[PDB]
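Listed below are the residues making up each chain.
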Amino acid sequence: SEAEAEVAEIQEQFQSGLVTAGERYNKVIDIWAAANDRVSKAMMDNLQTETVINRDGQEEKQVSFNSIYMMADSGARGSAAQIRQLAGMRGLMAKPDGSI
Amino acid sequence: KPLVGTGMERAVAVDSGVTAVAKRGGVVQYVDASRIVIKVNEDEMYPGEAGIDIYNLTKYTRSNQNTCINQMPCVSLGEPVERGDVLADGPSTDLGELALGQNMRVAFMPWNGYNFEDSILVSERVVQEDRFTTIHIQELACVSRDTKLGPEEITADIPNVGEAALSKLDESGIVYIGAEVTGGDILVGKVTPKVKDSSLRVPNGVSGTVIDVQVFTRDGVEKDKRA
Amino acid sequence: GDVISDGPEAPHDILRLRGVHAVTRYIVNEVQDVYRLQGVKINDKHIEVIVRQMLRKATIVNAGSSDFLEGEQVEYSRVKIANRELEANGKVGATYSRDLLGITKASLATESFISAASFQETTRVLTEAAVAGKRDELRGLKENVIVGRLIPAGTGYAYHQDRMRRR
Amino acid sequence: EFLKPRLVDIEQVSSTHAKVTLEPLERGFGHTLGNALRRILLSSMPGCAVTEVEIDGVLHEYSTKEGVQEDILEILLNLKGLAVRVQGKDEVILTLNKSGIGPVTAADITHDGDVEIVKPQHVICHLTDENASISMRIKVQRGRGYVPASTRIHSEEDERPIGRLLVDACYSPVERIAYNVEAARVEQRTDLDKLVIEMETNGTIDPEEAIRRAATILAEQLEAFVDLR
Amino acid sequence: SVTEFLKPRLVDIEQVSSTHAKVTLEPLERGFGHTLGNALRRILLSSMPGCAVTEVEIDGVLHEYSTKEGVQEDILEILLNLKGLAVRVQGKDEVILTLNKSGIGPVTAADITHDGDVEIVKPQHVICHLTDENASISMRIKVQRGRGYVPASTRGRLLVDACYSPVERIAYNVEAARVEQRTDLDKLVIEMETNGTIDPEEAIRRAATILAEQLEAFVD
Amino acid sequence: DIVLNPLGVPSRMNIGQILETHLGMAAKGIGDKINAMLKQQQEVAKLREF
Amino acid sequence: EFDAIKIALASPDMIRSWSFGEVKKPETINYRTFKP
Amino acid sequence: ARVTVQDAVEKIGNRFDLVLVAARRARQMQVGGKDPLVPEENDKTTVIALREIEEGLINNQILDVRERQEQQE
Amino acid sequence: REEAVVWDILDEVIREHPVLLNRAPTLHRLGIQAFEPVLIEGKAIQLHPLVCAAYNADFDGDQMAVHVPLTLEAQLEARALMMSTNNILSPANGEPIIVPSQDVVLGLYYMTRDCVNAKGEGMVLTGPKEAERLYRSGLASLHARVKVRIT
Amino acid sequence: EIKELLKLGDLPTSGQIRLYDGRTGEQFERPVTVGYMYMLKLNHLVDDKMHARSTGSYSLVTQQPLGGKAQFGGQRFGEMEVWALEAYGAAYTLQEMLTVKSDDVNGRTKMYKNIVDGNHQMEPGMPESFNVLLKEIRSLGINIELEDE
Amino acid sequence: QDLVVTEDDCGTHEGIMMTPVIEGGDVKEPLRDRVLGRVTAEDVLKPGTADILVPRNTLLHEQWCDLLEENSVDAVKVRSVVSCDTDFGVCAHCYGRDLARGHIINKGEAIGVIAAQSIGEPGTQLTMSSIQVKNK
RNA sequence: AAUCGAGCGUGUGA
Ligand SMILES: [Mg+2]
Ligand SMILES: [Zn+2]
């Protein structure tokens, strides 16, 4: 939603004629890449943590036991980007040409 | 049927032409595993006809890819059928639904490395229930021609062979419908002079049962008592 | 060995001016950069082997008293053999300039028409081989796989050495 | 030192579903015995199943019977799942004859004193013509496991081509086995438990006989280890 | 048919060492290898008779964590060493033993006096090593009879986890077995190691007859 | 009936394989409950409601 | 029993030395019999 | 050290020499008819040859000496 | 006719007779490797899970050619050079090729993880055998932080 | 909606159920995803694809056993396979798979006699495909031949 | 295809001095990796030009380059196959150690085929204003 | 000895 708000604001600026086509295209790609990175950051960390009640009754956070996290962090099968695609967001995609 | 489907199985099933469909709405007059006779209703009759729709069904007919095309009726006596309703399901069809495979109980877990790298572990119950057993029909042709020494004869006179191979033969050398034949067994008997056996045989490594025998004879040929 | 105008740089002028080791380092480093950008790890030794195979020829600039003509392109091994012969005679060796041939060209420019023909351009290689009356000694791997004899490598190397020593 | 298990309850909620209680068992022996018995049951319970069929006027299963709603292949598949209990013999030949409109069910096989049909409502096929007469000979053997028709062959390997409608035999009478180990309110000890075996079968086998046969098999197998040379 | 069964033709044991033996039988029925292996493993792991160390007394302990000097190894290490001691009790169910040896030097297990009912399996099991002239240790050890394993998480001064079962190392593996025609059979190989209280194969035999006795209510 | 590797799901990214499996379980459960009602010879009204 | 490969051009005398007979007719085989 | 040779490398020296000795020993056991002393526990002949090589009692120089002695008589 | 003599002879022949398995395309040297074959009742070849990286082979329907070295010298050089046991490193960079993946890596990762409040926490053990007993008997969990004497 | 359908059937909404090993009976530590999936049998059967030959049929222009499954053919031990055998240094294996496994008129008969006599012999041989090459170069207008030594 | 290791030791003294590729702040490979298995053409000297670390005739192994790292060696010259003074092949020491055996390369190993395969195979994995110091 | 064979197009897997 924050990414949508910022792209709407940059579209409003473009409607006001502040930036150009190529510069706006690059800036929007950059901010969407930043949103992708933030989503991956808020995903992988939420996927590697647990709240475990210890012998004292207090919480000792540890590495998560999630099966897909085991697959990724273990390196058995899968990478960080694949987990981002199936659990976060797919991200930017390419046109038939090189352009994103 | 697929327990989980998309709803497009009906369109594929009825638009492929492999299922016997009801041309005119009526009432079933007779259902057999090979024939369906429909007494057409009077609301959709046209003057000058009896009002009977007859649907013969393809039964174990070989397809292009050596599969089985078979039609099973999906209606019983007295059932009122309407225009466009499925009367017999073709292969991979269940009550007008496209049925490519079988619904199976699966568990997503490694099992002593027997599903390593997309491998599949299968319960013995699947084999027992014959869930994925398939029928494969092949066609073998025997053509009688004229040789440079003389014409070739269809007969049971094959020399230097055992008595067991001569037990399944008849007066002409063609073994009967439904016989269990394996690779190396003679289907259509024929010998060439030199004599040498020029008969058709089952390909080695293939063992099946004969379901159809078709004979094409050009004019002027003496057909034997088997023929 | 110093660049006058900036821009993309050719390998052949690098060889003719900067030297041999300079072009070998250039090729090895650039190939390994391409491989590592994809996260692939290969040794530099293999690229050095191929670069050596790319540098088996020499151009006779001034033959002098040597048996070589002027302007020809001859195998560098023959040039070293002639230099050894002249050193045994005590005479100075003929000067030579190395050439950086392409991979296809170096394969085609081999001293064996059998391998060049079995690789590409069979009609050409055969035409020059027949015009020149070429002779192909059985010494490469292809020349022995095609005739069905043991390759000069691995467990077959000893057999080839025995053949050389017996004749 | 060990409290031996004993049959304390055999509850027959239905003809194909029975709960058998074993009590008492010490800690650990419950799961051990439950797994051993479940595997021996699922693996080596003998039974009777349809093996060969010979319908008159039929040469092979890849054909149609006159005035019959289902294919001969479908008929053989329906006869595969026929629950028959045979007493005293390991090889019986039933005959089924029928004619006229109606569903030919399992209640129409010619009655014999040595054969019992557990489910008479089992629909074998249907007839759709009044003159359509169906007559079949069904050979039932007593076996164990699953013997596919492709593997088993005739003794002399030469049998009637017109007959020999071979049906795959699923000799196993049991279809589902669960077992639970539960705490028993024993007034003598507190470490004792009870083993509840919940069995779902085809109705052709007595649960007590099946469990005793499994125990006999297990003991005979362990006898090789006990009697070691 | 449904009554007769094939007889094992090849029953072989390879004696790698005294307590290490490889026992296997050819052939077993399909699924029988895993059933027998799991049953035997469970009964060996938790239903075998033996004796072990359960309680020990160290005087002067009234707080949570206390320390005693003059001993080379920590009290935790000493009790852990005492945990693995192989003890046989033939007459009674509970006997209290004492260790009596001092002096600076090696400390074996054969210096404790022989008992009529208690016999030590190995005389070379070190317990500790004394190093001081004024350091001498002599504690009491409670030996209880039992079967299996009991952690001391819940329920003299110190409580030691008891390894009642004489089983040191039990593992079973099922391989594909082959005959003239059948190739889907099972072959069960058992790898057995013991602490010396009972022979390796003898423990398996004892548990096999224990399990075969559990099913005497169904003998025909 | 079939044992599948969960490792082929994340790398190959075919996750419809999991949702379809859950839906198959739900459908077969509803079918088995209808089967339980039919074995009991329950009244037609019960089947109608369910 | 050989150590190399010699390639060159062929004399018309060499080509005639290779052959065993001169080919005249352009027909391959008769179709009434199987005789070439 | 039978399928993959590590221990017999320090017992036969050059592995090409090992290949040559293995070929000669196989052809000898196939044609020379020498009676071995190792009992046959359903083992391949090449396996027994590798065992005798890793024993280290037979090498190339001794084989050459025996060949010369045999060609003398 | 598949007699008992045939089975005995096949048993004789298969043992210690290397067989070269080969998946196309043969991209590098390891695309063909020798194996010791074992008789399977089925009609498909069983492939070792570790050599799947050398062949770039996954069991999603890949086919694999099978070649039989015939003479003694080819058998020797299959045993000495071609065997997958004697080819552990990659000629491209010297790195190992038999590095496990998928199931093995996940299993080892699971069996070495740590849990803060696992069953059996805090116990002091006499060695690996006691850990084996405590796991198999269901007394101590696999992720429990303990103290063990290691040799 | 799938969770609700699981609830109506009295099933765990997580789609995972405590599953038990059939070999030991021990419950798996974590819940296992169990469900129903639509499996398809493909027209790729080992009854078809499995094929293996020994001393079958040969072509006529070359003596290489050509063909495939339908024609009882051999396996194309192509160029990259020869490269792989070269990189191993396995020279005798190349000699087998170029002269013995194909392209051999007389050496493929006494080798078979040796095999049925329990011998491995007659590896050297001259490929007849190379003879075909020589004949189609000579008949093209070029003199190519072998030397005496 | 025709290139084979045909000799043992040519005794050449020319070779390539090698530095680690640096693009910015990072180092692509350590000196160890690119010298691992190589053969030096000279005596490697400890900084201060006083002591000889390793002789020129030894096979630079993991231990030797670990010692070099301990001594913080800067640049090494090794016998490459390009500067090999052998006719009709390459000697063993100009090609360094066999990356699949661990010992010295035997005579008669076709490294050209090995090189070609080792380069081609990864091909299937292939696609298709100011400078600042960031370290102390 | 009986024993036997190719090209082109097309669609498929790896
Ligand atoms: Mg692929
Ligand atoms: Zn050199």
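Residues numbered from 1 in each chain as written, not as in the entry; some residues may be left out. Chains lettered and ligands numbered in written order. Part of a larger assembly, values for the part shown. Heavy atoms only, no water.

In the PDB header, cryo-EM is given as the technique by which the entry was determined, and 2.87 Å as its resolution.

Looking at chain H in UniProt, the text filed under Catalytic activity is "RNA(n) + a ribonucleoside 5'-triphosphate = RNA(n+1) + diphosphate". Per UniProt, chain H has the following entry under Sequence similarities: "Belongs to the RNA polymerase subunit omega family." (UniProt positions renumbered as here; feature names shortened; annotations may be inferred.)

Asks: Any chance you could explain the nonpolar core here in plain terms?
Replies: Note that soluble globular proteins tend to have their nonpolar side chains buried in a common cluster. Core analysis: the biggest nonpolar cluster contains 52 residues, and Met-45 and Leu-222 of chain D together with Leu-44 of chain E have the highest contact counts within it. Looking at this core element by element, the count peaks at 8 residues for helix α3 (residues 207–226) of chain D. When residues no more than four places from it in sequence are discounted, the contact partners of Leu-222 of chain D are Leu-36, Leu-40, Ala-208, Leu-211 and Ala-212 of chain E. Residues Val-84, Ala-132, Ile-138 and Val-167 of chain D belong to the second largest nonpolar core, which totals 31 residues. (Core = buried A, V, L, I, M, F, W, Y, C linked by side-chain atoms within 4.5 Å. Buried < 20%, exposed > 50% of the residue type's maximum accessible area, 1.4 Å probe, protein only. Helix = DSSP H or I, 4+ residues; strand = E, 2+ residues; numbered from the N terminus. Contact = heavy atoms within 4.5 Å.)

Asks: Is there a simple way to think about the protein's contact with RNA strand L in this case?
Replies: Around RNA strand L, the neighbouring residues are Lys-196 of chain B, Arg-23, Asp-60, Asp-62 and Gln-63 of chain I together with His-44, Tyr-58, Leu-60 and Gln-71 of chain J. The contact atoms of RNA strand L, taken as those within 4 Å of the protein, divide so that sugar and phosphate hold 84%. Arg-23 of chain I has a polar side-chain atom sitting 2.5 Å from a sugar or linking oxygen of RNA strand L. Across the surface near RNA strand L, the residue classes tally to 2 nonpolar, 3 polar and 4 charged. (Near = heavy atom within 4 Å. Polar contact = N/O pair within 3.5 Å; in protein donor to acceptor, adjacent residues only side chain to side chain. Nonpolar A, V, L, I, M, F, W, Y, C, P; charged D, E, K, R; others polar.)

Asks: I tried to follow unusual backbone geometry on my own but got confused; where do I start?
Replies: Among all residues except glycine, the phi angle is most often negative; among peptide bonds, the trans geometry is most common. At the junction of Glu-23 of chain D and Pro-24 of chain D, the peptide bond is cis and its omega measures out at -10° in the coordinates. With respect to the element layout, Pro-24 of chain D can be found in strand β2 (residues 17–25). In this chain, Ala-24 of chain I is followed by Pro-25 of chain I through a cis amide linkage whose omega measures 0°. By secondary structure assignment, the location of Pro-25 of chain I is in the loop between β1 (19–22) and β2 (32–35). Residue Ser-72 of chain K is not a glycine yet carries a positive backbone phi of 55°. If you trace the backbone, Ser-72 of chain K turns up in the loop between α2 (62–71) and β5 (76–78). On the basis of relative accessibility, which here comes to 54%, the residue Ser-72 of chain K falls in the exposed class. Within the chain, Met-128 of chain K stands out as a residue other than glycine whose phi angle is a positive 55°. Within the fold, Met-128 of chain K resides in the segment after α3 (111–120).

Asks: Mind showing me how you'd approach the sheet that holds strand β9 (residues 133–144) of chain D here?
Replies: In a beta sheet, neighbouring strands are held together by backbone hydrogen bonds and run either parallel or antiparallel to one another. Residue and element names in this part refer to chain D. Strand order in this open sheet of 4 strands is β5-β9-β3-β11, and the pairing throughout is antiparallel. A strand with exactly one partner marks an edge of an open sheet, and here the two such strands are β5 (91–99) and β11 (165–166). Of the pairings in the sheet, the one linking strand β3 (residues 46–55) to β9 comprises 9 bridges and is antiparallel in character. By the bridge assignment, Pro-46 is partnered in β9 with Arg-144. Contacts from helix α2 (residues 72–80) reach β3, β9 and β11, with the element oriented near 160° to β3. (Pairing = 2+ DSSP bridges. Axes fitted to C-alpha atoms, helices over the stretch in contact; angles between N-to-C directions.)

Asks: In this structure, what is going on with the pattern of salt bridges? I would like to understand it.
Replies: Any two side chains of opposite charge can pair, so long as their charged atoms come close to each other. Enumeration over the complete set of coordinates arrives at 68 salt bridges over all chains. The shortest N-O distance in the salt bridge between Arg-56 of chain C and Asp-2 of chain K comes to 2.7 Å. With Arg-56 of chain C in the loop between α3 (44–53) and β1 (57–60) and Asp-2 of chain K in the segment before β1 (5–7), the pair connects residues from two separate chains. In this structure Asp-2 of chain K comes out as partly exposed when scored by relative accessible area, which is 24%. One salt-bridge network, in which partners are shared between bridges, spans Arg-77 of chain A, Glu-117 and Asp-118 of chain B, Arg-12 of chain F together with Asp-58 of chain I. (Salt bridge = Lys/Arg side-chain N within 4 Å of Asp/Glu carboxyl O.)

Asks: Where do I start with the pairing of strand β14 (residues 193–201) of chain D in this structure?
Replies: If a strand is regular, its side chains alternate between the two faces of the sheet. All names here are of chain D. Summarising burial for β14: 7 of the 9 residues are buried, a large majority. Pairing of β2 with β14, which is carried by 7 bridges, proceeds in the antiparallel orientation. Residue pairing across strands places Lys-19 opposite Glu-198, the latter belonging to β14. Both strand β13 (residues 174–183) and β14 contribute to a ladder of 9 bridges, which runs antiparallel. Following the sheet pairing, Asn-180 is matched in β14 by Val-196.

Asks: What exactly am I supposed to notice about the arrangement of the chains here?
Replies: For this structure, the chain pair with the highest number of contacts among 29 pairs of chains in contact is chains C and K. With no contact formed, the shortest span from any C-alpha in chain D to any C-alpha in chain H equals 23 Å.

Asks: Please clarify how the coordination of the zinc ion (ligand 2) should be interpreted in this entry.
Replies: For a metal with four tetrahedral donors the ideal donor-metal-donor angle is 109.5 degrees, whereas six octahedral donors ideally subtend 90 or 180 degrees. All names here are of chain K. Around the zinc ion (ligand 2), the protein supplies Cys-10 (SG), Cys-84 (SG), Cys-91 (SG) and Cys-94 (SG) as donor atoms, at distances of 2.3 Å. Classification of the site at the zinc ion (ligand 2) as tetrahedral follows from its 4 donor atoms and the range of 103 to 117° in their angles at the metal. Each donor residue of the zinc ion (ligand 2) belongs to the same chain, and together they define the spacing C-x73-C-x6-C-x2-C. In terms of burial, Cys-84 and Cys-91 fall into one category: buried. (Donors = N, O, S within 2.8 Å, 3.2 Å for Na, K, Ca; no water. Tetrahedral: all angles 85-135°; square planar, octahedral: opposite > 155°, others 65-115°.)

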